[PDB]
Structure formats: structure tokens, C-alpha cells
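Structure first, commentary second.
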Ligand SMILES: Nc1ncnc2c1ncn2[C@@H]1O[C@H](COP(=O)(O)OP(=O)(O)OP(=O)(O)O)[C@@H](O)[C@H]1O
Ligand SMILES: Nc1ncnc2c1ncn2[C@@H]1O[C@H](COP(=O)(O)OP(=O)(O)OP(=O)(O)O)[C@@H](O)[C@H]1O
Ligand SMILES: Nc1ncnc2c1ncn2[C@@H]1O[C@H](COP(=O)(O)OP(=O)(O)OP(=O)(O)O)[C@@H](O)[C@H]1O
Ligand SMILES: [K+]
Ligand SMILES: [K+]
Ligand SMILES: [K+]
Ligand SMILES: [Mg+2]
Ligand SMILES: [Mg+2]
Ligand SMILES: [Mg+2]
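Chains as they are written, first to last, in my numbering: chain Y, 2 to 525; chain E, 2 to 525; chain Z, 2 to 525.
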């Protein structure tokens, strides 16, 4: 089809318009006094959000040029959320400021490519200064403060998140979800707990709970479908002679074998709980070997060279307690070597490092968390459901900030460390005065976050930012409190990863955003 | 698609317009003198209702922003009906009042999120004051009065409701349904009566009713398909020797054994009634175990490890009387261990507490009702159908309010206890003057329900509400009578649960409603 | 979708407009001088009708709100036809008058629900007065008069209807159909006559009519398929030895068996007429048992414990005469126990009592009428097809009125007994002046039927109704004769059921029609 092309300043005007629209929509939610953006939903009820990339990803314009400029500027918030999951509004504001200043420099009749070169130089130096200005955040206090700041000044959320990684450990998994009531809560799970309920309620030794519990159980790890008691005659006779409970973690147990086993349960012969092997296929064998490592047993497999009729007490993994309910089979203290546990989680972490999909690395990380540490779950509560969504989003922003602050540390919060960094780079010069103008573009843009945070509080971002710049280090502006002081002190803490990724993506977008000369869309 | 985005006071104006439209439609039905609304039906004749959430759920606007604002405000009535099933119009009125006052506060150029914090603080205190002001409603008189008030001043409805729980007991089930004549009706059923008619009319011992009746029956509980009489030669010989009637509650009886048994019936060998096991699968096993508990029998199964040919008189459950008609089989006074019934319904109640779906907990509650107490049914009568719908809806609203009043007690009805509670909180102050103004928003909005109830009666809500506030406690306005006095005494009873849930949901919506800054919807 | 909402007096005006349109279309057919309405048929020629509910059910309005009110007011005529099948125009007129007067009362600013309460009170009293004013219509004279008035002053129709129940008896069934020529026809059928012609023409003992007739027939009631003579060797040998004609009422007789039987018919061995068992399944067994009761025979079925090869003369039911033609098999005077006939029809009437569908009770009443009484048919003859339609509908209205008058009696015709009833209620007062005004609304609306009937006759409904009210009892206005005088004596009779149901449904609709405040409908 015939295309629609804008050359020269017109293309830049469309770009600035789209970028400004998207950034104006995003930035109203920045800072502790940022407000919420109500998003209509064609299906169901509208949502209420204060997240930056959430607002950014919903922005499209009817003007094709402005729309696709907004499409290119949405990448800043999208990638900032992708990296750190927080500070997306700061990324959008910084990108818009860099783009505007660089376009103004282009409007002076000078090379945009050297503007991009200088912008990249200055922002690289600024990211370095942010990383060097990083102060570690590994104490649950500062972690809770970081989560607070990214939960829109919510101390309870950051506190609960710090308690969550405290309960689960560093190698454990922390999850934020909804609770049923109006209040949030945290639960941590240690050892193995896999959602494989008993394959028959007749195994239930505690009908008041509808659950099976086995003590010092024999965990027959069968990477096979358990069918005929003739397969289990040697092993189940050996277990009845042993008398201790046997736990079935296999592909399944058939109806006739299940009938024999259940009958024997109230015949008193064998106290067996039949459940399935967690995972499916490769992950099924992964869980099977995981349980074997925890319980010191062997996975009954056929291609390796043994049979179920060859299985005896030794092939049976051994645990201390295995609680089976209608859904979960919790191997509590699998009686087996820890050494195979660390070796398994080591191969698992090697897989994580070789896992490109976040899904793969996360599944393997959860394999570690079950096998090595624990699993913690945060439930969040609210009376209504828009409150549910907003509070859960804030709690997960807090989670992202807490983890990133554990990762890289923190800096002076509220866009103040960026002001310090910009003060640290007022001297940088590129290859030509054009690259120097690009550096000045970046430097002028670096003070936008605090100014926008303060503007969301309704002060003078000019006067307030000036007073903040008057002090240095962590001296800033407590935007929620409307005061100046050490941003680290009162707990205005932002992860260095958050700000660094935001700045990097903002500059990387703005560098090519400035150098646009020919812009083509389709005809409307 | 290109979106339609709004900022500033325009967003709040659109929110307020949609919310006001929805609440104005809702509140014409509040109070004893509330009027009805005809809802047109594209299919069939239009309907007439005085319910609040029913009117609320039908409201949508052509204006996208106002329409979706109505979408978020409809949540108040929807959730109030979900929790309490009554007082939904009061919830809508309270939500609209809080929203309007908080938006007015925002219009003063002041912080909305602190308004939300103060509103939540004041409303939590108000819910506490309401619950502390709860007076118990467990006697049939106060139940009748609650049903009266929530059936639009209909004493017959609340009376029938109190009589219903009196007949069925508290663990029993009460249902409001349609009657054929011009009048309401109440029926209670004891024991199990399960809709499993005789599998053959030749079993009918009373053809004048076309029904089978067995006395001291042998209840063969066989969770298996009867396939040949050869399966029943042990039990049928044992019963012909016993001579007492045998009742079959099995999976089914095949046609050949059915023919043999029917022949034996007029051959006089065994007095047979063949019916099926109520439920299907797991619920079928549940019903079979229930019948076994009451009748002192055992469900014939093969996984447990025994055959029907192995069954004898003992495996046949025993009752006092079992009446089988073309549809139902009523095990009247199953002669068997009650203790197993209470243990069974205890496991059933454990399931109820572990039943998240209302369907699951309700099925298990009915299992309790049949096994422990009884089952009650309320009918309703009318000449035409719009009358039928309006009356039955009033009866069910009254049922919901009576049960909520049994649960949490009652308070001063007609928007009066809310006035007392608001008077109890005139002092509360939040974190800042912003939260204080939010608390005052909540306090000012708390008194709206009396105003709307009085206005639906056509008085001066100002002067009448002032006179109501002049007295306290249960002194208020008898809106139907258009007089002042004790709300509790004059039969003006509203459940504390109803008002508490209404207030909670109204405030929880209004809190984020106030903090709205931007709207994003599709372009029209 | 975006809704169209009407509040207050706009909604009331739209309701009244729809009601008025529907009632104006209906009432032109009221009285002996009601005028006919051509209803266009998109397929075929339009019809000409003087029926009230027939005109009412065709009313559709483009205005959603007027159409809404019209749909709610159509219920009056629909339910009046549903209950009594007659006097539907009177129901529509009464409902319109009550609605108009109640809307006028509400337009005075007074409480609508109390108006509904008073209207219901007054109409309940009026229905009681109508029932107390009922004078029996059981003799053929008053039946003919009721039919005449409800056949729009057609004595032939009511006469034929009285003759119809005279020929068929009260337990019998009267049916009105159209005839072939220009004259109506009445036919009565007694005993058994089921449309099961001979299975083969070689059974025909009278080729001049193509019919089979058996004298003292042996009725083989086989609830089974009859296949091979080897099944019938005992039966047919027993018949040939008995020499009596053998009538087979079974599922069928197979082609080889039929060929052998037909051969034997002109071989002189057995005079067999093979016909099928009337009904299908349960109703087939019901017909078989009815014939067994009438003919003193036994139904051959396997599940009781006998076989066709076990059948002999005793299992062969016995009749006096069975006339079989190409279609029907008429067991005329089945010689057998009448006691089982009355017991069976008593069970069938029991089934009527727990028959929910009108089809169920109709089937069962026809079973009784065949087995106990008779069956009657009324034809409708005329030169053309529109005359078919009009005459048949008129005759069936007359039939409905005659039966309802046999049921509850009659009252003064032409809306005069209603005038007397309203004169008997001029004092009723409700709980408040609002209920009193509702009662007065009902009383004022009560005189509408006579006034509209007279207006259809072209007199002064004012002066005429005033003169009617001046006299009392049966003194009224002979609308057809344009004269005053006794309604009962000169043959103006209407069922008390018709008027009572009409008034009840009119008030039941109008009660909620008055109290509505608001409308909800889709946008046009
Ligand atoms: N009490 C406070 N005083 C000063 N600055 C604060 C305060 N609380 C938060 N901030 C700053 O404001 C921002 C927090 O706002 P918000 O959490 O809504 O957005 P974000 O962290 O930039 O992005 P995201 O939408 O991805 O979570 C951060 O830049 C933080 O440093
Ligand atoms: N006779 C009365 N005197 C005073 N207040 C009354 C009287 N009857 C009802 N009320 C009050 O008016 C309201 C009853 O109105 P209505 O029953 O139509 O709606 P609701 O209870 O708010 O909600 P729902 O539509 O869910 O049933 C309640 O707030 C009740 O306390
Ligand atoms: N000769 C008459 N004198 C007085 N009133 C009469 C006379 N004939 C009929 N009526 C009255 O007119 C009505 C009968 O007319 P018509 O059969 O057309 O209407 P309907 O009975 O209301 O309607 P439908 O049979 O369609 O339900 C009755 O109210 C009857 O009392
Ligand atoms: K944000
Ligand atoms: K209401
Ligand atoms: K008519
Ligand atoms: Mg944040
Ligand atoms: Mg109510
Ligand atoms: Mg008639």
C-alpha cells in the first residue's frame, strides 16, 4: 500500500508528541504521592493502578506517526520492568527528557549522531556512578524500606517481604498472591511438598482430615507405571516383613493393585500411601531423582537395568514423615544423603545458568528451593477486588525492589542519587561539541526523576530540586514528608539495579530516537 | 486501538456522573416506602422489582467513562448482595455518598490517597461500632421482624421464615420456591428422602398412589450394578427366610433381575423395592455411606474386597419404614447407629470448611440436614407472574436478612444505627488533616441511608434526620409509619452483618475511587 | 448495552399509553355488538376475529416503554384465556380501567403501594361477591344460553354444546372442529374405538366397506411383538377349537404370521382380525390394560411371568363386537368386569390429580371417557375459510363458557353482575386513605365491562349504566336488544369462573403496574 512519510522536523514533532503523551500518562503515578490511573476494561470492571510500565503498555494514539513513536518509547518502561520490575516510571521520564533535549539540540541545526554518541557516553558514566553510589541493602530493615518505597510507602509490605526471604532463605522461592480476607499473610514450606494426593481414600489413616500419613516411609521411586502386585510381591513382602509404611511415588498404581493395597491397609499387612511421581516426563524423572537424593533411595527405571520385581527395601527411598492429603504429599525430612541434595541442586543451578527461558531457570530454582531450602508464599488480602489488584501490584513492585536491592544495593531514593550522579558528570565532553551537547542533553535529563516525584507532591520541583542539589550525597527530598534530608536515613531506598536499568534503557532508546530524519508509516 | 484518555477533574466528573446515575437508579427502592422499577426484558414480559443490587446490575451508560465508573461502583451492591443478600441499596447509597464527599474534598486541591486512608480508618471504626451495636436476633419474633423489614414490611414472610428454621432446625436447609396457588407454603422433610423411585411398578404395594412401601426394610447398599439374580441368591434367600421387605439402594437393578424380583413380589417370595443410589460417583458413595450410617448397613463395594454374593442380611441396611413412590424413596427412621451419622456429618462439615465453592459446602450442608436434622421448603403464591417474582424476591431477601440477623444480630433499622455509629466517631482524626478530611467524608456519608429511606417516604430527610439524631440508640424514624421511636421495638430490624458488609464494600470501593487521576478507555 | 431509563411520571405515561393501546384494540370485540378485527397474515389471507385475547396477543409497539407496558398488560387477557378461556376482553377492559384510575391516584401524589394493597383488598372482596352471586348453570338450557352469549348471541352453538355434553356425559370429552359443508355437526362415540385398523385386507369380512368385524371376539392383549405362529399355536388352536373370532391387539403381527392368519381366514380355520395396540409404551400398556379391564382379559407381557405360548382363551380378552376398518378398531361392548373399568379410570383420574401438564390430564381424562363414558365431537361448517375460523373460535369460546358455567354457575351478564358486586363494596376501606383510594379505584373500574359492552352497541354507557345501576340483581342492559331487564331470564349468561378469573388477573397485574417508579430498557 502507499505509505505515509514525514521528513525532517515533522517526523521529530510527531515523535515528540507521541513520547510526551506516553510519558505524561506514565509519570502521574511516580513518587510516594503519585496518583492512580483508572484503566477501563472492555470485559469486566476497570482496573486501578499506580504502576508505571502498566500505564505505559496501554498507550496508543490514532495518529500513526505519534502512535509508532509512542510504540518506540514504550520500550523504555517495558525493558525497565523486564530487568528490575520497578522504577519504570523513572525510566519513562528519563527517556522523555533525553529525547526532548536531544531533539532540541537537533533543532539547533547540528548532528544527531554525535548527540547519540555523547548521550551514550554520559549515560554510561552515569550508570557507573550509580553503581559506585550503590549502598548494599541486605538487612531486612533496608530491604523492608526498599519494598516500602516501591509499594508506595507501605512499610507492612516491605516488612512482610523481608520476613518472607528470611523464612524461605536466599535459595528459596518467594511468591506474592491474593488471600481470601482483607489482610496479607505469609506461609513458608520446607522440604518436599508435591501435589500428589493419595490414589485411594482407603489409605487415609486420619479421616478427620481425609489424609494419609506415613512414618519412616518406604519411598518406592518407580519411573514406571506400577500395575500388578506380582511386580510388588518381593518388595511388598519385604515391606510387610519390615512392617514400616511404604510410600508410592511412581507414575501410578492400577485399580487392582490399588484394591489389593487398600484392602491390606485395613487388613494391617502394609500401610501404603499410593501417590504419583511429581513432574511429567523429563521433569518427572527430575522430581523422582530429587526425591531419591533427599530420601537416599533409587529411582526404579528400566533402561538402566532393573525391575520392580527386582526392587527391595534398598531401592525404596526412606523418609522420616510423609504426609499425604487429598492433594499434597509432603516428604518431611527424607532420610537420605544431603550430599546428593547439594550435588543435585548444583547440576540444577548449572541448568539454570544454561536455562535461557525464565520458566526453565525458575523451575530449576524451585527444584533447588524444595531440595535445598524452602518455599514461601505471600498471600495478600483486600475487601474488594480493585483494591486486591492495586495492593497486590504494589506488593510485587515491593518484591522486585527488595530483591534488586539485595542484589545490587540501594542509593539515595526519590530521584536524588541521580541528581548527585549528574553533578558528578558536569564535565564530560565527547568527540566534538556535538557530542558535548549530547552529554549536556543527558545531564539535563538526569534530574527529571526527583523533579517529577516532587511535582506529584505539588511542590516547586525547581526550588525543591535546587535545595536538594544544595546538599549532596543522600541529602534529598522526602517527597511523602515534603522535607529534605538523607534519603537513606528515613528509608527512601531504591535498588541500584532499578535505576541503572531504567537509565540504560532510556538512553539506548533516546540515542536512535534523536537521529531520526526519515520516518515512514502507512496511509491512514 | 487508539484509546480515550482523560486527566484531572474531567476523570472525577465522569466517575461521579456514572456513580450518581447508578445510585439514583438503585435508591428509589430503599426503605419500606421504596417504589418498584420495571426492568424491560427483550424476551418475555418486563419484570418488576424492589431489590437494590438487582437494579444496580442492570445499569450501563453509553458514555464510556461514565459507564465504566458505573462498572466500578456496581461492585458495592454486587458484593453487598454476595455477602449478606440484603441491604444492597444501603450499600449503594453509602458508596455514592462517600465517593461524592471525597471527590469534593479532592476538588479542594488536596491529597486523595490520604483521604482514602482516613476513609478506611473511619469506616473500620464504624464497622466496629455497628458490630458492637449488634443486638442478637435469634428468637422467631425478631426473625419475623427482620423478614418483615427486608420483605418490604411483610410480617407473613418473616413469620414463615422463622417457622421454617423452627421446623427444619438450624443445621437443616430452608428454600424459598414457587407455589401453584395464590399463597405461600412451608414444608419440612425429615430423614433422607432421595428422588430414587421404584425401578418397577410391579413393586408397588399401594397402586392407589402408585408407590412402594417397605416396613423394616433390608437396605442392600450396593455401589455396583446388579447384573444377575445369581449375585442375590445369598441375600434374597436370606431375606425370603427373613421375610422382611428388601429395599435395593444400588447403582441399579438389571431388567432380568428386575423381572425376577417383580415376579417374586406377586409370587409373594420377597417384598422387593428396587431403587437407585442417590448421587453419582463420589456423591453417590457419600449418599450410600449416609444411608448406611442411618440404617446400620454397609455400602457393598469391591475395592474394599468383598462381593455381592458374599453379602448377607447384615450388609443389608435396616430401616423402620421406607416409602418409595414413582420419584422419591424416603428412608423414614433408618434403624441404625446415629453416632456414625454425626461422625459422617462431622467429616461433612470438615468438607464444608474446606469447601470453597458455595455449591460444595451447600451439598455437604444438605447432607448434614438429611442425616442430622431435616429439610424445609418455602413456597410462594401469586395470581400473575410479576407479582410472583416481586413477592418471591422479597421473601428471599427477607430470608437472607433473617439468617444474617441470626448470625450477627440486628441493630437499629432504617438508617438509624448508622446515625448512632457516625455520632460515635465524630472525633476520629487520621495521620494528616488530609486523613482527617477523609474521616469526615466517611462520617458525613454515613448518615445517608436514613435520608434516602425517609425521602422514599416523602418526608424532610433534613428535619426528620435531625429529629432522629436528637434521640439516640434505637430512637429513629419509623419510615413506613412516618414516626420517631425505637427501631428495635417497632419491628424495624436490620442485620448487623448486612450493614457491616454494605459499609465495608462501599468504603473499599470509594477509597480507590477518590484517588482516581486518569481514565483510559477505547475511543468511541 | 447502553440502557434507556425512564423515571417518574414519564414512565407512568408510557405505561398508560401502552395499556390504553392494547385495551382499545381489544375492547372493540366486547359484547354481542363487538366489532371484528382483520389481523393480517404475512402468509395466507388474514383472519377475522371477535375474540379478546386473540386480539390482545398480537399487540406490539415500537416504543419500548409503551411496548413494555403493553406486554405487562397483555398478561391479563392471556391469563384470563388460560384460566377460563372466555371473557378475556372483559379482563383487559377491567385491567385498563384499574391501571388508569390507580395512575390517576398516584398522579395526585399519594402512596402507590398502599393503592395496590387497597386495590387487592377491594378486588378480593369483589371476587367473593361474584362467587356468592354465582347462579348454577348445569341444565342444557342455561348451558345453551351461556354458549349463545359467548358465541356472540348464537343459540345454535350453545344448544349444540349442551347436546354434546348430553350425548357424551360429563366424564366424556367434547371437541369442536371444523366440518366439510356449510353446517356444524355433533358426533358422540361410546366404548372402545382406537385407530388401529386391520393389519391385512384379507381379514376384511366386508369388502363393500373394507372393514373387519368380529363377534364375541377373543382379544389377545399381547404387550409384545407377535412374530411366529409357533408362538400362537396354543392360542390359535384354542381359538379354532373355540371357533370364536380372534382379535389381536398387540404391538404387531409379523408378515409370516399375518400371511398364515389371513390364509386361515378364507381357509375357514380362524376368523382373525390383527390390529395394533393403541398407544406407545406406557400409554400403549395403559390402553392394553383399559381393554383388559373392559373385556375381562389379561395383558400378555413377559415380566409378570407368562408368555404368548402360555396364553389361552382366558388371556384372550372377550368382547361382544369389535368393528375394525382400514383405520379404527372399535371394541363395542367388551364383555368383561366393569369394576376393573372404574378402578382403572379411578387410577387414571388420580394420575390427572398429579398430572401437571394439561396434556397429561387430557390424555388421562380421555382414557376415562373411553373406558367409562364416551367421546363427543363438534364440527364447524360454512361456505368459506375465514368463516371456518370465526365460527370455530366462537363455538370454542362458547364451549369454554358453558363448561365454566357448569363448573361455577353463572351471574348477571353484560357486566351487570359486576355492577351489583361493586355496589356491594362501596364501603370498603383499607389501612389508610391510600388503601381506601385504591379500593375506590377498583370500585370505579368495576363498572367498565357493561359500559364498554353498551358502547360497542352504540348507546350512552353513562345513561345506560346509570339505569342499570338504578335496578339491581339481574336488572341490567340487554346489549344486543338495547333494552334493560333481567340478565338471567332472557338468556344473557356468563360463567362466574370467567368473570372471577378476569377480575383476579386484572387486579394482580394492575397492583404492581401502579406502584412502579422507574423503567430500564435498551436504547432504541
Ligand atoms: N517517601 C518517599 N520520599 C521520596 N521519594 C520517594 C518516596 N517514596 C518513593 N519515592 C520515590 O518515588 C518513586 C516511587 O514511585 P512508584 O513506586 O510509584 O514508581 P517507580 O518505583 O518509579 O516505578 P514502578 O511503577 O515500576 O514501581 C521512586 O523513584 C522512589 O525513589
Ligand atoms: N418500617 C420501617 N421503618 C423504618 N425503616 C424501615 C422500615 N422498613 C424498612 N426500613 C429500612 O429501609 C430499608 C429497607 O429497604 P429495602 O428492604 O427495600 O432494601 P434493603 O434492605 O436496603 O436492600 P435489599 O434490596 O438488598 O433487600 C432498610 O434500611 C431498613 O432498615
Ligand atoms: N345480549 C347481550 N346482552 C348483554 N350483555 C351481553 C350480551 N351478549 C353478550 N354480552 C356480554 O358481552 C360479553 C360477551 O361478548 P364477547 O364474547 O364478544 O366477549 P368476551 O366474553 O369478553 O370475550 P372472549 O369470548 O373473547 O373471551 C360478556 O361480558 C357478556 O356478558
Ligand atoms: K509508578
Ligand atoms: K431496596
Ligand atoms: K370478545
Ligand atoms: Mg517502585
Ligand atoms: Mg432488605
Ligand atoms: Mg364467551
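Using N, Cα and C, we set each Cβ at its ideal position, and we do this for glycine too.
{"Check": "Counting contacts by CB-CB distance shorter than 9 Å, is residue 49 of chain E in contact with chain Z?", "Outcome": "yes"}
{"Check": "Of the residues that make up the region 207 to 233 of chain Y, which ones have a beta carbon closer than 8 Å to any beta carbon in chain E?", "Outcome": "208, 209, 210 and 211"}
{"Check": "Under DSSP, the beta strand (DSSP E) around residue 436 of chain Y begins and ends at which residues?", "Outcome": "Residue 436 of chain Y -> not in any beta strand (DSSP E); alpha helix (DSSP H) instead, spanning 434 to 446."}
{"Check": "Who are the Cβ neighbours of residue 225 of chain E in its own chain at under 8 Å, not counting the five residues just before and after it?", "Outcome": "251, 252, 301, 302, 303 and 309"}
{"Check": "Please identify the residue among E:353, E:402 and E:270 whose C-alpha is closest to the C-alpha of residue 498 of chain E.", "Outcome": "E:402"}
{"Check": "Is residue 518 of chain Z closer than 9 Å to residue 148 of chain Z when the C-beta atoms are compared?", "Outcome": "no"}
{"Check": "Sort out for me which residues DSSP pairs residue 479 of chain Y with in a bridge.", "Outcome": "Y:484"}
{"Check": "Going by beta carbon distance, what residues of the same chain come within less than 7 Å of residue 92 of chain Y, once the five residues before and after it are set aside?", "Outcome": "77, 78, 81, 503, 506 and 507"}
{"Check": "Quick check on the DSSP output: the beta strand (DSSP E) that includes residue 237 of chain Z runs from which residue to which?", "Outcome": "Per DSSP, residue 237 of chain Z belongs to no beta strand (DSSP E); it is in the alpha helix (DSSP H), 230 to 243."}
{"Check": "For the region 17 to 33 of chain E against the region 60 to 73 of chain E, are there 3 or more C-beta pairs whose distance is under 8 Å?", "Outcome": "yes"}
{"Check": "Between the C-alpha atoms of residue 509 of chain Y and residue 121 of chain Y, what's the straight-line distance to the nearest angstrom?", "Outcome": "7 Å"}
{"Check": "Taking 9 Å as the threshold (beta carbon to beta carbon), is residue 59 of chain Y in contact with chain E?", "Outcome": "yes"}
{"Check": "Is residue 218 of chain E closer than 9 Å to residue 322 of chain E when the C-beta atoms are compared?", "Outcome": "yes"}
{"Check": "Over the uninterrupted beta strand (DSSP E) stretch that includes residue 193 of chain E, give me the two end residues.", "Outcome": "193 to 195"}
{"Check": "For residue 291 of chain Z and residue 320 of chain Z, what's the separation of their Cα atoms in angstroms?", "Outcome": "13 Å"}
{"Check": "So, are the CB atoms of residue 99 of chain Y and residue 442 of chain Y less than 9 Å apart?", "Outcome": "yes"}
{"Check": "Using a Cβ cut-off of 9 Å (strictly closer), state whether residue 508 of chain E contacts chain Y.", "Outcome": "yes"}
{"Check": "Considering only heavy atoms of ligand 3, does any lie closer than 8 Å to the CB of residue 203 of chain E?", "Outcome": "no"}
{"Check": "Would you mind sorting residue 469 of chain Z into buried or exposed? The rule is 16 or more other CB atoms within 10 Å of its CB.", "Outcome": "buried"}
{"Check": "Report the option in Y:249, Y:464, Y:187 and Y:454 whose CA atom is closest to the CA atom of residue 88 of chain Y.", "Outcome": "Y:454"}
{"Check": "If I follow the unbroken beta strand (DSSP E) through residue 116 of chain E, where does it start and stop?", "Outcome": "Here residue 116 of chain E belongs to no beta strand (DSSP E); instead the alpha helix (DSSP H) covers 113 to 133."}
{"Check": "DSSP three-state label for residue 250 of chain Z, please.", "Outcome": "strand"}
{"Check": "Under a CB-based cut-off of 9 Å, is residue 73 of chain Z close to chain E?", "Outcome": "yes"}
{"Check": "Is there a Cβ from chain E that is less than 9 Å from the Cβ of residue 37 of chain Y?", "Outcome": "yes"}
{"Check": "From the DSSP output, which residues share a beta bridge with residue 496 of chain E?", "Outcome": "E:411"}
{"Check": "At which residue ranges does the region 56 to 104 of chain E contain complete alpha helix (DSSP H) runs of 4 or more residues, listed in the order of the chain?", "Outcome": "65 to 84"}
{"Check": "What do you reckon, are the CB atoms on residue 54 of chain Y and residue 305 of chain E nearer than 9 Å?", "Outcome": "no"}
{"Check": "Among E:137, E:419, E:4 and E:366, which has the Cα closest to the Cα of residue 477 of chain E?", "Outcome": "E:419"}
{"Check": "Any residue with its Cβ nearer than 5 Å to a heavy atom of ligand 6 should be included. What is that list in chain order?", "Outcome": "Z:30, Z:53 and Z:90"}
{"Check": "So, does the region 169 to 186 of chain Z touch the region 426 to 438 of chain Z, judging by three or more C-beta pairs under 8 Å?", "Outcome": "no"}
{"Check": "So, for residue 69 of chain Z: in the same chain, excluding its five sequence neighbours on each side, which residues have a beta-carbon less than 7 Å away from its beta-carbon?", "Outcome": "19, 520 and 522"}
{"Check": "Within 10 angstroms of the Cβ of residue 1 of chain Y, are there 16 or more other Cβ atoms? Answer buried if so, exposed if not.", "Outcome": "Within the shown structure, residues of chain Y are numbered from 2 to 525, placing residue 1 of chain Y beyond reach of any answer."}
{"Check": "Have a look at residue 37 of chain Z and residue 51 of chain Z and give me their C-alpha separation to the nearest angstrom.", "Outcome": "5 Å"}
{"Check": "So, is residue 197 of chain Y buried or exposed, given that buried needs 16 or more other C-beta atoms within 10 angstroms?", "Outcome": "buried"}
{"Check": "Quick check on residue 142 of chain Z - is its C-beta less than 9 Å from some C-beta in chain E?", "Outcome": "no"}
{"Check": "For residue 548 of chain Y, which option in Y:261, Y:84, Y:114 and Y:382 has the closest C-alpha, if you only look at C-alpha atoms?", "Outcome": "Outside the displayed span of chain Y (2 to 525) sits residue 548 of chain Y, for which this structure offers no information."}
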